[PDB]
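In what follows, a single structure is set out as structure tokens and then discussed.
Positions of Cβ are backbone-derived with ideal geometry, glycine not excepted, and every protein chain shown enters the neighbour counts. Any read-out appearing in this document is the output of simple, stated calculations on the displayed coordinates, not a laboratory observation.
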Amino acid sequence: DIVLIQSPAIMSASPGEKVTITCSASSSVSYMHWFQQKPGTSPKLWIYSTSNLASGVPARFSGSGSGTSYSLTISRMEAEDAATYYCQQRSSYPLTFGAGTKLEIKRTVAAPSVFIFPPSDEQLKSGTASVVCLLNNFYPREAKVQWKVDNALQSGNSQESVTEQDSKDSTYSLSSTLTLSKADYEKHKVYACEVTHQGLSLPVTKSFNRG
Amino acid sequence: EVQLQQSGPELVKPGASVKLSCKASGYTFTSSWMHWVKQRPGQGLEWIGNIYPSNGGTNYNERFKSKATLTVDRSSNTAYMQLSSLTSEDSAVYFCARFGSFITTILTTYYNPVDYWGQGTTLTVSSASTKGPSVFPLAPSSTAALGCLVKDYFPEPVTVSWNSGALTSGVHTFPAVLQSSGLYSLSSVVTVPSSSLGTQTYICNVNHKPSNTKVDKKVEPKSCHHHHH
Amino acid sequence: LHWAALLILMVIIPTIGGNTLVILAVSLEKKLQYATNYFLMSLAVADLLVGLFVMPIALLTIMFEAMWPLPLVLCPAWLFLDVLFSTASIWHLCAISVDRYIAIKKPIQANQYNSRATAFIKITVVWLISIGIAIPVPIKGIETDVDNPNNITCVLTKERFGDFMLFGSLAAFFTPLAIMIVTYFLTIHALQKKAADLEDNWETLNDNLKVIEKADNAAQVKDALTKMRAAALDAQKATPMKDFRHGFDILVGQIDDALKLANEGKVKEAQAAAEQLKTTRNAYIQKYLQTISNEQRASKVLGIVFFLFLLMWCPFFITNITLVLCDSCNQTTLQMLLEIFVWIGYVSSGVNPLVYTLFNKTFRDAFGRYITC
Ligand SMILES: CN1C[C@H](C(=O)N[C@]2(C)O[C@@]3(O)[C@@H]4CCCN4C(=O)[C@H](Cc4ccccc4)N3C2=O)C=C2c3cccc4[nH]cc(c34)C[C@H]21
């Protein structure tokens, strides 16, 4: 069929610096459409026809293309237009889409705000425990988390979960959860969460004493 | 005003039939074709087919030809899609959407953009029965941060809101992580000032469709106790 | 399954051939270049172009379902010619029916030098009416979901051409049809009485020819002979063949001669010419019957050519307008049988050259001459 190959699959660009997404086709196509999908929302078309913008689209976008290879260029990089970009074919059937191109904003390093939540008494009534450590609004994505129970490193019990890049602050968030049994939860006293990040001069630790 | 309301998320055993609906509103329904798109995260978007409401004419993709069957109903003004012989690879998110039409004269061809996509439908295929989510509060003690922990719910799609959608700033609903038990569990948080900690209430509204269970829970701060001297 | 295209193609050949023989007959035969044929030649042009441009391309859509082999730009062009040449064919047939009527009740303006101009402005109005009804299609093209013509069906949608199929079908079919229905019942009536005005006047001509053969005075012979002059001169008016009307001139001339003897008082000399009138009658008795024989015959053929008209275009234009109004009716069951009624409207373009030429001797002698080269 008429597959659409768009490189790169993912790209990161700073504000002001400029981007050019390419969407190359398998055959010679009449026109090319473009879509933007922000995680959590359905895709909305951004450029109908090869070079005409959709309704409500900023003028900084600029699409240009020939027959085989098409492209999508922007004018001024801003945080509001960080998303995945698909291109589709409407010339002939079957309608083919591109794999996608995720855009990551490159923002000044931000320090995470660490929070720790103890397990509710309702969960312990069922025999399980879940200690949560929250890292909110930080950049870049990578952040090293560690669990120290009585100054003893834990391994295998944690499950980190990073969310998508926020559209407003351009910052991520990480959710690390320490799952333990009530049997082993009563055997220890303090539970700590030591996190280190290039946005931190010294690794910060946020702990709590059971009860 | 153009709104395409779609069916809800569903868990269906493999080999059974699925019936997804797509309600239309805001226009005559019969003016444009009704396309269908399947989105499997990581692989991109794939075109299923389209249908024309007036005549009922349907076109399918070469792959989704034997699997999916597209129908419409002018009385109820909805567009259906039946997936038969459900395999494990057919677990994805499905969209219904109208696309613009090219108007072709002897002079030239015009195209008008009327592309409007509808809400997605998360379909999951597995033999395991659904389990309701166990929502647990995440209280502060010592700006503060709140949250709620949804644990042990099998079909993935679940929604969380704070104060019936009144709260939206500083809210981050993390993606679900797959537990060792085979059950998902996500968690959403919200950052609020310490002055609104005792003067205002905060309730998370968990809603899980397949389990057909909805539970709201109030997050209250943990009260400290004066340790004796 | 492709065999049906066999018979469908055996409908295209006569349409091309038949209408091409009419064009070759009027443009090459010096004895056929009179006014009313220049207008019939135009009907063959429309019927030819619809069998040469519309009908062949319409054959591909039946074979290539949901496909359009030609460029997508030519889809609105082919649809423009489907309505154009069809509306022209219908209005030409309508303009013929009305002329067939006026040409009977009043053969006025039968000059060849001045009846050819009216045909030239009669032909141009039909082509301007047919255009005006078929012109909006190419203006507002058809909307399609795809750009490539190999994945589209060239057809007018109910939504984009809703009010056109309604207001366009009336100006093309139901408007000229309304005229063709009344002009029919007024034509069958125009020759119902003229066929009766000939007999009653012909019997008035006998009764007076009976009485003057049995007379005693000179007043009865000139009363009955004057009643003959009027009756004979009115029966001449009730004929459409100048030699039969020439027969009345001869007769009336003999009426005046005998009516001149009656005023001189010579009764038995007037009856000498009255017996000569009885001879003049016996010579045209045969042609009097062939006149009424051709009257009852012309009355029925006008019913067949008219019946075949409503027999072929009604099933389409009725089904067409029904698909625009009725929403309870099964939309797929109508346009399934509408495909059939489209080709019934097409085959009319092939019968028209036949039911308007084969009933004439000079056409047959000329057709076989170019078939023969
Ligand atoms: C013979 N010719 C046929 C031609 C035509 O139907 N061509 C298409 C492409 O073929 C169809 O029949 C197909 C096949 C079955 C389903 N189809 C339809 O539904 C629609 C008609 C329709 C449109 C919208 C709503 C209801 C019906 N078709 C089309 O448009 C149009 C003509 C016409 C239209 C209007 C005035 C006219 N005067 C003379 C004429 C004429 C000559 C006359």
Which residue pairs have Cβ atoms under 8 Å apart, sit 6 or more places apart or on different chains, and have a first residue in segment C:340-357 that is closer than 14 Å to C:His92 by Cα and a second that is within 13 Å of the ligand (Cβ to nearest atom) and not in a helix (DSSP H, G or I)?
C:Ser348/C:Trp313
Has segment C:365-372 got any residue that is within 15 Å of the ligand (Cβ to nearest atom) and in contact with a helix residue (DSSP H, G or I) (Cβ under 6 Å, 6 or more places away or on another chain)?
no
What is the one condition in (1) under 30 Å from C:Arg100 (Cβ atoms); (2) surrounded by fewer than 17 Cβ atoms within 10 Å (Cβ to Cβ); (3) not acidic (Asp, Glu) that C:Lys260 does not satisfy?
(1)
Mind listing just one residue for me: the one in segment C:331-346 that is within 12 Å of chain B (Cβ to nearest Cβ) and near the ligand (Cβ under 7 Å from one of its atoms) and, of those, surrounded by the fewest Cβ atoms within 10 Å (Cβ to Cβ)?
C:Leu338
Given the residues C:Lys193, C:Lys106, C:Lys122, which is the only one that is of a type in the set (D, E, K, R) and surrounded by 13 or more Cβ atoms within 10 Å (Cβ to Cβ)?
C:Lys122
Please state which one of C:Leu205, C:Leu198, C:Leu177 is within 13 Å of the ligand (Cβ to nearest atom) and away from every other protein chain (no Cβ under 14 Å).
C:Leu177
Picking from C:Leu338, C:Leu323, C:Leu311, the residue that is in a helix (DSSP H, G or I) and farther than 17 Å from C:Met165 by Cβ would be C:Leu311
Sort out which residues of segment C:41-82 are more than 14 Å from chain B (Cβ to nearest Cβ), away from the ligand (no atom under 12 Å from the Cβ) and more than 30 Å from C:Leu24 (Cα to Cα), and write them in order of number.
C:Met63, C:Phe64, C:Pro69
Do we have A:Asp166 as at the interface with chain B (Cβ under 9 Å from one of its Cβ atoms) and in contact with a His (Cβ under 9 Å, 6 or more places away or on another chain) here?
yes
With the checklist (1) within 14 Å of chain B (Cβ to nearest Cβ); (2) over 30 Å from B:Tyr111 (Cβ atoms) in hand, flag the one item C:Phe85 doesn't pass.
(1)
Per-region count, segment A:107-121, residues closer than 16 Å to A:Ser158 by Cα and in contact with a helix residue (DSSP H, G or I) (Cβ under 9 Å, 6 or more places away or on another chain):
1
So in segment C:160-172, with the set limited to residues that are more than 6 Å from the ligand (Cβ to nearest atom) and more than 14 Å from chain B (Cβ to nearest Cβ), which one is nearest to C:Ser130 (Cα to Cα)?
C:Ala171
Screening B:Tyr94, B:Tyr116, B:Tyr110 for residues that are buried (at least 21 other Cβ atoms within 10 Å of the Cβ), within 26 Å of A:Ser55 (Cβ to Cβ) and hydroxyl-bearing (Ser, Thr, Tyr) leaves only B:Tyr94
Would you say C:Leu323 is within 15 Å of B:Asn55 (Cβ to Cβ) and touching a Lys or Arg at 6+ places or on another chain (Cβ under 7 Å)?
yes
Could you tell me which residue of segment B:33-58 is surrounded by the most Cβ atoms within 10 Å (Cβ to Cβ), considering only residues that are more than 10 Å from chain A (Cβ to nearest Cβ) and over 21 Å from C:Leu334 (Cα atoms)?
B:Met34
Can you pull out the strands (runs of 3 or more DSSP E) entirely within segment B:59-171 that have at least 2 residues that are more than 13 Å from every other protein chain (Cβ to nearest Cβ) and more than 24 Å from the chain's Cα centre (by Cα)?
none
With the structure loaded, tell me whether C:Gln286 is more than 9 Å from the ligand (Cβ to nearest atom) and under 25 Å from the mean Cα position of the chain (by Cα) or whether it fails that test.
no
Residues (farther than 28 Å from A:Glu78 by Cβ and part of a strand (DSSP E or B)) located in segment A:162-189:
A:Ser176, A:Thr177, A:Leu178, A:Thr179, A:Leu180, A:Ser181
Answer with yes or no whether C:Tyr101 is in a loop (DSSP other than H, G, I, E, B), of a type in the set (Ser, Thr, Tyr), more than 9 Å from the ligand (Cβ to nearest atom) and more than 30 Å from B:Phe29 (Cβ to Cβ).
no
Of all residues in segment A:9-48, how many are exposed (fewer than 15 other Cβ atoms within 10 Å of the Cβ), within 14 Å of chain B (Cβ to nearest Cβ) and under 21 Å from A:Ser75 (Cβ atoms)?
0
Subset of segment C:128-143 that is part of a helix (DSSP H, G or I) and closer than 17 Å to C:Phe173 by Cβ - its residue that is farthest from the other protein chains (Cβ to nearest Cβ):
C:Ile129
If I filter segment A:80-99 for residues that are more than 9 Å from every other protein chain (Cβ to nearest Cβ), in contact with a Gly (Cβ under 6 Å, 6 or more places away or on another chain) and within 27 Å of B:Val171 (Cβ to Cβ), do I get at least one hit?
yes
Mind checking whether some residue in segment B:194-202 is touching a strand residue (DSSP E or B) at 6+ places or on another chain (Cβ under 9 Å), closer than 24 Å to A:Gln165 by Cα and part of a loop (DSSP other than H, G, I, E, B)?
no
Would you mind telling me which numbered condition in (1) part of a loop (DSSP other than H, G, I, E, B); (2) more than 10 Å from chain B (Cβ to nearest Cβ) C:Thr157 fails?
(2)
